[PDB]
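Structure at a glance
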Amino acid sequence: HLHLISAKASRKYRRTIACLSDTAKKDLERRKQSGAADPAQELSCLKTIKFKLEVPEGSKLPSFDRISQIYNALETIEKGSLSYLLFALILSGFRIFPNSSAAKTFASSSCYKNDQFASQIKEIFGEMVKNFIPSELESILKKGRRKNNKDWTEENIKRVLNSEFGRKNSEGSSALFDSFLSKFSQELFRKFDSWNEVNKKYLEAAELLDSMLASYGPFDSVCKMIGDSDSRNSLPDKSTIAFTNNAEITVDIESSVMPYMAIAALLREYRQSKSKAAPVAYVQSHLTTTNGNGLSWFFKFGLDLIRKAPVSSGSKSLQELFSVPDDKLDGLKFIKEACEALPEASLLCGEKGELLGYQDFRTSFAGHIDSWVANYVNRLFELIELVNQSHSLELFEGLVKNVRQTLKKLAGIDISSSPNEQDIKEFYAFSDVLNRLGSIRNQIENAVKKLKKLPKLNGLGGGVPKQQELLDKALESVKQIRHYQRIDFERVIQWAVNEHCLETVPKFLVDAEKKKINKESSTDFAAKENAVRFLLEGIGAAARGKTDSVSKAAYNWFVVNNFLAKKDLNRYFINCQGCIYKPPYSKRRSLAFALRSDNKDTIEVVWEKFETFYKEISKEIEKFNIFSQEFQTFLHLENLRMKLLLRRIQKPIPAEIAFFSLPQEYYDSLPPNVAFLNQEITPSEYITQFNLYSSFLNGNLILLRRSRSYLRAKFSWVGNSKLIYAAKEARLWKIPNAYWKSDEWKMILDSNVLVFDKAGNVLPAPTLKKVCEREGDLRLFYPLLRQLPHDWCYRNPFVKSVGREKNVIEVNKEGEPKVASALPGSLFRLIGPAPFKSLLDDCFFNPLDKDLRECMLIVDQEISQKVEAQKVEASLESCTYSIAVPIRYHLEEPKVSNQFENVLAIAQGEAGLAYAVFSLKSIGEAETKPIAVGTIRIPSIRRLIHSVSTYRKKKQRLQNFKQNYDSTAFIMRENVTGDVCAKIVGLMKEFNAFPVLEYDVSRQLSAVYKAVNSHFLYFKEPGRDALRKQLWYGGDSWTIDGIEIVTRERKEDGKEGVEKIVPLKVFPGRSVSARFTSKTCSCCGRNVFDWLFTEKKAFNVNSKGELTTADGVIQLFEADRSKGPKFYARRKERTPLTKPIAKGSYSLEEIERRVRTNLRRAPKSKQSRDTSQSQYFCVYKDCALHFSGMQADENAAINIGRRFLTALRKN
RNA sequence: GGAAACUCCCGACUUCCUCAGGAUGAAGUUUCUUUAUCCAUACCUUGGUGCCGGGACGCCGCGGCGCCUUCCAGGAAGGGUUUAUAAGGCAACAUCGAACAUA
DNA sequence: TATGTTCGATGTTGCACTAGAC
DNA sequence: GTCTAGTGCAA
Ligand SMILES: [Zn+2]
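Residues numbered from 1 in each chain as written, not as in the entry; some residues may be left out. Chains lettered and ligands numbered in written order. Heavy atoms only, no water. Residues with missing side-chain atoms left out of burial classes, pairs and counts.

Looking at the entry header, you'll see X-ray crystallography listed as the method and 3.2000 Å as the resolution.

1. Points about the protein's contact with RNA strand B
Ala-738, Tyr-739, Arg-943, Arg-1003 and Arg-1169 are the nearest of the 78 residues found near RNA strand B. Counting only the atoms of RNA strand B within 4 Å of the protein, the fraction contributed by sugar and phosphate is 79%. Between RNA strand B and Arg-14, the relevant distance is 3.2 Å, taken from a phosphate oxygen to a side-chain nitrogen or oxygen of the residue. Residue composition of the surface near RNA strand B, by class: 25 nonpolar, 24 polar and 29 charged. (Near = heavy atom within 4 Å. Polar contact = N/O pair within 3.5 Å; in protein donor to acceptor, adjacent residues only side chain to side chain. Nonpolar A, V, L, I, M, F, W, Y, C, P; charged D, E, K, R; others polar.)

2. Some remarks on the side chain of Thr-406
With respect to the element layout, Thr-406 can be found in helix α19 (residues 392–410). Since its relative accessible area comes to 3%, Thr-406 is described here as buried. Residues within four places of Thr-406 in sequence aside, it is in contact with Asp-423, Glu-426 and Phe-427. (Helix = DSSP H or I, 4+ residues; strand = E, 2+ residues; numbered from the N terminus. Buried < 20%, exposed > 50% of the residue type's maximum accessible area, 1.4 Å probe, protein only. Contact = heavy atoms within 4.5 Å.)

3. Description of the protein's contact with DNA strand D
Near DNA strand D lie 19 residues; those nearest to it are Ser-100, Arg-146, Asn-149, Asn-293 and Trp-297. Sugar plus phosphate: this is where 71% of the atoms of DNA strand D within 4 Å of the protein reside. Side-chain polar atom of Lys-818 to a phosphate oxygen of DNA strand D: 3.4 Å apart, as the coordinates give it. Residue assignment for the surface near DNA strand D shows that the elements contributing at least two residues are α5 (100–107) and α15 (295–298). Considering only residue class, the surface near DNA strand D consists of three nonpolar, nine polar and seven charged.

4. Section: the domain arrangement of chain A
Per the domain assignment, the segments of chain A are domain 1 (8–42 + 901–1036), domain 2 (67–100 + 240–371), domain 3 (109–231), domain 4 (470–709), domain 5 (722–852) and domain 6 (1089–1189). For domain 2 and domain 4, the distance between their C-alpha centroids amounts to 57 Å. (Domains from an automatic or database assignment.)

5. A short note on a positive patch on the surface
Positive charge collects at one region of the surface, where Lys-8, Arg-11, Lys-12 and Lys-989 lie side by side. When residues of the positive patch are assigned to their parent elements, the largest contribution, three residues, is made by helix α1 (residues 8–18). Locating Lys-12 in the fold gives a position in helix α1. (Patch = residues over 30% accessible without salt bridge, like charges linked within 9 Å, V, L, I, M, F, W, Y side chains within 5 Å. Areas by Shrake-Rupley, 256 points an atom, 1.4 Å probe, with all protein chains shown as cover. Salt bridge = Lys/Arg side-chain N within 4 Å of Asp/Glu carboxyl O. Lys, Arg positive; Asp, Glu negative; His and termini not counted. Charge placed at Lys NZ, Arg CZ, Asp CG, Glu CD.)

6. What to know about the pairing of strand β17 (residues 993–998)
The buried fraction of β17 is high, at five of six residues. Inspection of the sheet shows strand β13 (residues 902–909) paired to β17 by five bridges, in the parallel sense. Directly across from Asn-902, in β17, lies its bridge partner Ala-993. Of the pairings in the sheet, the one linking β17 to strand β20 (residues 1070–1072) comprises three bridges and is parallel in character. In the strand pairing of β20, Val-996 is matched with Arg-1070. (Pairing = 2+ DSSP bridges.)

7. Section: the packing of helix α34 (residues 940–948) against helix α36 (residues 1004–1016)
α36 packs onto α34 with a crossing angle of 140 degrees between their chain directions and a minimal axis gap of 9 Å. On the basis of the axis angle, α34 is oblique to α36. Touching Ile-941, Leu-944, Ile-945 and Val-948 of α34 are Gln-1004, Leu-1005, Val-1008 and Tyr-1009, all from α36. Split by residue class, the contact of α34 with α36 holds seven nonpolar, one polar and no charged. (Axes fitted to C-alpha atoms, helices over the stretch in contact; angles between N-to-C directions. Parallel < 35°, antiparallel > 145°, perpendicular 65-115°, else oblique.)

8. Some remarks on unusual backbone geometry
The step from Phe-1067 to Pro-1068 runs through a cis peptide bond, and the omega angle for that step is 15 degrees. Its place among the elements puts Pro-1068 in the loop between β19 (1056–1066) and β20. A positive phi angle is found at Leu-347, which is not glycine, with a value near 60 degrees. Mapped onto the fold, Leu-347 is located in the loop between α17 (330–341) and α18 (362–388).

9. Considerations on the pattern of salt bridges
Within this structure, the stated rule accounts for 40 salt bridges. Sharing partners across several salt bridges, the network here consists of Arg-15, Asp-842, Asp-849, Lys-850, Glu-893 and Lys-895.

10. Description of the side chain of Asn-1013
With respect to the helices and strands, the residue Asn-1013 is situated in helix α36. Beyond its immediate sequence surroundings of up to four residues, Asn-1013 is in contact with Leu-997, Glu-998, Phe-1019 and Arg-1024.

Structure below.
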C-alpha cells in the first residue's frame, strides 16, 4: 500500500538525519580545517541497552542480603555508609581536595603568605592575576602535563602558563606580567629539558621564578616558602585530606541532620574565601571533590590507614596536625568511629579477582551526592528569600525572625552559632504554623498576603528497603486504624443520640434530593423516586463488576427484591455499563434505567431493606481475610453506610467530640482540608476528615495486598566497561560454499586460522585461539570474527576468572580488543535479541561508529508476599542480574547531503492521523496544491481512549517495592506516543519533508499529543528537549537554505512586537497555531468564522434552507425525515442529513448551532470504531465537499499546511 | 493494498509472528522484490491469537439465529465494517512540587 | 470547594592519561 | 612489559 519505514530502517533514517543537522555539518567542516576529529568533541548520544545476564548455575553468588548490605554502604546516609563518613569528615574538622598537592599547602597555610604577595603583585603589575600566588604556584610547577601539553616547545610552555594564569592571547599587548611569562617561559625552555624534569626540580624552577621576579620588584622567596612548608609537612603520602584549626567541630550529632551542617559549614567558608564561584559549585568542589578524585585515596588509603592507627599515641595526631590539648580531638574519635563502622569492601571483585574498593565507586557516589548538594543548596536560597520576600498569629512574628537565623545560619551567613539540631526542628514547626494561618486566609475570603507554606528541606536516602519491617508496620497500622476508626464513629453518633439531633435515617436523602430539584413536584413523589435511586446507586456501585461473595450477595439483594428488570440489572451489574441514578436535568441523560414498575418499595423501606442486608454481610465478612476481594467490597459498602449514618445530623459538632483520635505513628500528614480544630463547630464537615481513615486504610491495605514486587540493588564502578567475546564452543559451523568466492574469505583459508572437524565442520573455540595469536592487527579477522559463532558475555563480578590460558578476547571502551584469559563457567551470558547483540559487535569491530561506555550491574531480587499466620510474610523469589550498557553513537559520519523540499502538515484524528504534503517550490499565492494527502491507522489511539473511560484494573507487572502507585497508565502513553511519532517519521522519509504540528486543545489522549510534540518541536525545558534529542540522535536544528519565515515576538504586558523575517530552521519540525484550522475548508479556501464575528457585532432561509452570506450561499440541513425513525437503525446508517431546514427567520445563535451541527457530521456506519464527528463538508454550494464529504483530519491537515505556507513568505 | 473474517461489551487458563548481519545468485533505471546456505537466540513494552465463562443489543416462530442491502427459486451480483506487512524502546538514582481530571 | 485519581520536573552519573611501582 | 593510583583535561 503505502508502507512506511519501521524498526532499523527508521533508526537509520533518523540517525542519518542527525548527521545533517546544523551542528553536525559544522563538525564535519571543522574536520577539514581541524583535520583530526575528537570523539568527545562532536555530536553523539547515548543509547542504553539492558541485557539480563544468564549466569550459569553452580556459581558462587551471594545472598541478596549480602548484596543488599554493600549497596547500602554506598547509598545510605546512616553510620556505616560512605555518605556519613564524608559528612563526618567535614563535620569532624577536615577538608578534602582533588589532589595531594593542594592538601599539603592547605595544611601548611602558614608557610605561604599569599595575602601579601598578591598585594605586592598588584602594585607592581598593577592588576590582579589569576592564580599567581606562591601557594598555587607550587602546585602548578609540581603538577604534570598530559597529551599535547607535554610538548616541550617555548610556545606550549607559554600556552599553558597563559591558561593557568588566566592570561589571554595578548602578544601585542606590552603588559608587565604578560612580558614576564614570556621571559619566564623563555627562560624555562632553555634550562630544563622536559616538563617531567620541571616537576622533579621544583625548587630550581621556584628559584628561577623568584629570580625573574627579583628584577621587577621585591617579592619574598617562593622556594623558601616551598621549602618551609615542605619542611613542616607531616601528612601521609598523597593525602587528599587536611585538618583545619580554624574549623569548628561537631561530633556526635544526628545522622538525619548531619548533611545539613556540613553543607552549612562549607557554605560558611564560601564567604570567608570570598569566592566568585556559585555556592552550588563551591561545595561540590569541596565535598565530593571534582570527579570523585579526592575520594580516590581517601576511600582506599585514607580509610585503611585511619582504622589501623590510633587517635593519639604514627599517631594520627602529628600526621594530621591536631590541637596539642584536646581542643579538637573529639573530632578524630568521630571519624575513627566512621571508618570502622563502614564495613570493609566486600564480595565484588575484578577479573582474576581481587576485591574492589570504595574508591572504585567515587564517580557515581559523587554524582549522587553532588546532585543533592545542588538541589539542597538551591532550596535554602529559595527559602531565605521566601522569608525575606487565634493566639498563633502571636506566635508567627515572634517566631518568624528566629527563622531568619535558622535559614541564615544554615546558609552559613551567620557566625553567631553553627546550627543546632533544634534549629532544624523549629523550622518545620514554623512551617507548621504559617500554613494554618494561610488557610485562615482563605477562611474569610469566600465569605466575600500569602502566609503560604514553606518548602521542605531535602533529605537523602537509599539502600534496599526493609521489606518485612515495612510490611509489619503496615499490618499494625491497619489494625490500629480500623480500631480507632470505630471509636470516632461510635462516639459521634452517640453524641448525637444524647443531643437527639439525628435526622430521619432515610429522610436525609429525600430531603437532600428534593433540594436538588428546584420545583414543587407534587408533595413527595418526584423526589422520593430519586431518593430510592441514590441509595441504589451508591450501594450499587460497590459490588458492580466484582465477583466476590459480597458482590454477588449484593447482586442477590437486587435480584430478590426486584428493583429492576433482569436485563436491566445485568447491564448495570454484570456488563458494567449504564447507571441507576442520573443527575437530574442531566446534561448527558444516557438513557436512565427503569426501576421495575411492579416493585412497590418505598424509600424508607429500602434503607430498612438494605440495612438488613448489610447486617448479613457483616456476619460473613468475619470469616474472610482483611486483604481480600470480599473485604474490599464490604469496605465499599461500609463506607457508604457509615457516611450516610454520619450524615444524618442536622446540627454542628463540638470539637472535643470530633478530634481524629489516631496516633501519629500510624499516620503522616493530613491535607489542608483538615487544617482546623474560635469558630470550630463544623456543620456536617466530619465526613471529609472522617474519610481519612479509609484512604489511610487503603494505602497500607494496598501494600499488603500486592503479591509481587522486586527490590533493586545497582552498582556502577569505574572501569566496568568490559564485555567479553567468546566462541560458542559446542557447535559445528558449516561455512557456506559460496563464501569462498569473495576475496576476503579466500584470504581466510590461507591464514590457517580455521580448524576443521574430520567432517569439515569448523570448530569455534579452537579456531578462536588461532585468531588471537597470529601476530598483528586483529582487524584482519574482524569479518570472520563477525561470522564465527560467538557469544557476548560478562565476567562474574564476584569470583575470579583468573585464567591459565587465553580463552577469549575482551573488548573495552573505544574498541580495544585485548586477548585475555577466560575460565570455564566464569562468564555470564548476556541475553538479548539480534539487533541488540549486533550493536555489541559494532562496538568491537567498528568503534568509530559506536563504542561501549561504563555499564551498570543491576540485581533485582524478586520477592513475593503471601498470607500465613493471618499476617503477610514476604519470601525471596527469583534473582535476575542484568547489565545496562550505554552505547555511544559517535555517529559523526556523513552521507550524500540533502535537504527538505516538501512540508508535512499533520493533523490528528482520534482514530489515527492525517497528513498533507506541499512542495517547497509552490510559494506563490496560488498553487499551494498539496502534493499528497492521506491518513494512517494507529490503533493504539483508540485503545487509549477506549480504556480510560472503561476504568479497568491496570495490568499487573512487577513493581519496585519502592513504588507505591501504578505506572501502568504511563507506560502505555509512552507507547502510544511512540507509534504516533513513528508514522510522521515514516512519512517524513518518503516526502523528504519536515513536519508542522498543531498546538494542542478526550484528555488522556492529549497527554500523548503533548508528548509527541516534544519529539519534534523545540522547547527549552529539559524534559521536552530530552525526548527530542533521543529521536534525532542528539541533533539540534536543521536550517533550510533559501527559505525563511516571518516571526512575531512580544515586548511587555502582552503587546505585539514586530514582524521580522529570518532563515527557516526546523527542529526538524515547526509549529502553527491551529485556530479553526478545522472550521475552514481545504478546497473552498473559505472559513465560516467571518460572518460568525461580523454578525455577532451588529435570517432569510429558503424552502430548502439557503442563506445570503458575503462569500457564497451556506445550505444548512436537518435530520432527513424521509424514511422513518425505526428504519435507518435497521441498517445502522446513522440518519444522514439530506433533509433541509427552512423556518423563514432564524436567530443569530441558531445558525451557529446549525452550522455546528451541520459540518462535522459523523460516520457512515453505526459499527464504526469512530464516534467522533469524523466528517466535515464546506457549506457553500460551491465547495466540492458539500455533496461529497471529507475527513476532518485531512481537511484540517490541509488548512494547516496552507496557513503555515503563507508564513514562509520567503525564498 | 494482497488475503481474510463478520452484532456488542466485562472476565478466565493456553500458542508467538515480526526482529540485526555475512559470502550468493534470478530478474526488473544506481535504487525494487524474490531465493539458497550461514552466524545473530530472541530482552522491556504495546500487542496479536486460541479458548472457555458470565452477560448484553438488533430482529424474528422462555426459546433459534446474528454485518446492511438486492435479484433464481438455499444459491449468484453489490455494498459496507475490521485487520498484524505488527509498533515503540536512554538508562539509573536521589530530590522537589503539585498536577490533572468527573458529573 | 468537593469527590478520587495520579504524575511533572531538577540534578547527577554513564572520564582518560601516564609516572612510577608492580 | 605489565599494571594501577594519581589527577589533568576540557570547560
Ligand atoms: Zn468548500
